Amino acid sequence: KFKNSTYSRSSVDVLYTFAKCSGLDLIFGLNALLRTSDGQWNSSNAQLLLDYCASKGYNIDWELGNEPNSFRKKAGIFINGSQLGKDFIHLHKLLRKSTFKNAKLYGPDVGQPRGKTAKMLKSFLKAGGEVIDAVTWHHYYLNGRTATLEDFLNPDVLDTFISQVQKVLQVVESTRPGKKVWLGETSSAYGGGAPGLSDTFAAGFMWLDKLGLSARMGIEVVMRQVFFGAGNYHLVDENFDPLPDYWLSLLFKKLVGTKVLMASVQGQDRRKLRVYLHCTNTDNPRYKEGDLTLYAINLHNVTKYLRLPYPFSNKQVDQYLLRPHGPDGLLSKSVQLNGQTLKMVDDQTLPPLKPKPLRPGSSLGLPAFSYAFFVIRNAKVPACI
């Protein structure tokens, strides 16, 4: 089958309206495989779209191309990083000439380095890095066709992400130091996700751990593949039912702030007890400047009890513990918060996400194969104020 299809003004309109009415900022990827006989990007089609969006007053950010590292295999054409950089410069000029007020440009949306080196990313950043506002790259842990539950629970699998991050950051540091780095498309398993796995409670370990490590290692934005669609890694299926990873993401959004701190276990680190620490999201009306949000993963097959360091011990803590609901165990598509199944109240109403207050000074209980957020109230951390 030929992959090439067309899309209308109406399609652009509904996508923009969907973003705008949900409070989201749209980024639109342009087609980089329209080429001149001289090997350059042919901007004719993008120009039509830019002109239309500008005429409509749409505030849209742009990308150009998706995983150019696989153009040779997917399209029979090789575009090297220097040439892709020149194409991005051309697009940058078009955006400057438009009536868009401060449209941003992100790229090159390259696949993860793997065992190799990001040679194409480096040449791209040398040639075109000056015109992009953040570097985008993609990551998946596993092939969706062969992944197993064991892999989704395996701290060795989780740790493979660390080396991928380090490789990308090193390339960016050597060409555009301090340029922002974004995961532009990322999830548990490629090829559409792992059936009966990527849409379950068990998918949550990879998702929460990726967020924790991305925040701790200098990734500024992480874009989850996908919010909605047919792939097994969707947050919301095409019956519009949220999967457990949706509720995990909602709780993350509500509880975890922008300032990244650090937490670690004192004892031997078997890497099955994984802890992350930010200031609490200040937009949350329940909490105040200085509060801390700890989030934690327990991949042990037994309960672990976390003791907070002084003076945060003997602080009031709010528990948000997530566990699977129903007989499917870790493979369930339903999740409970502090023992209450999470479900929409109706089609226009999210449920209350009520904390369970813990007794001050109690150690934090984390059952086998679970994850949780803990808000440390009145922590009065000056770095958070």
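A residue's number is simply how far along the shown sequence it sits, counting from 1.
Mean CA B-factor, 264-272 versus 152-160: the higher value falls on 264-272. Stretches compared: 237-245, 219-227. Higher mean C-alpha B-factor in the entry: 237-245. When the C-alpha B-factors of 184, 290, 257, 111 are ranked from the entry, the top spot goes to 290. Taking the PDB entry at face value, the top CA B factor among 282, 83, 136, 188 belongs to 282. Residue 214: CA B factor lies in the lowest third for its chain, per the PDB record. In the PDB entry, residue 91 places in the lowest third of its chain by CA B-factor.
In the PDB entry, residue 178 places in the highest third of its chain by CA B-factor. In this PDB entry, residue 302 carries a Cα temperature factor that places it within the highest third of its chain's modelled residues. The entry lists a Cα temperature factor for residue 101 that places it in the highest third of the chain's modelled residues.
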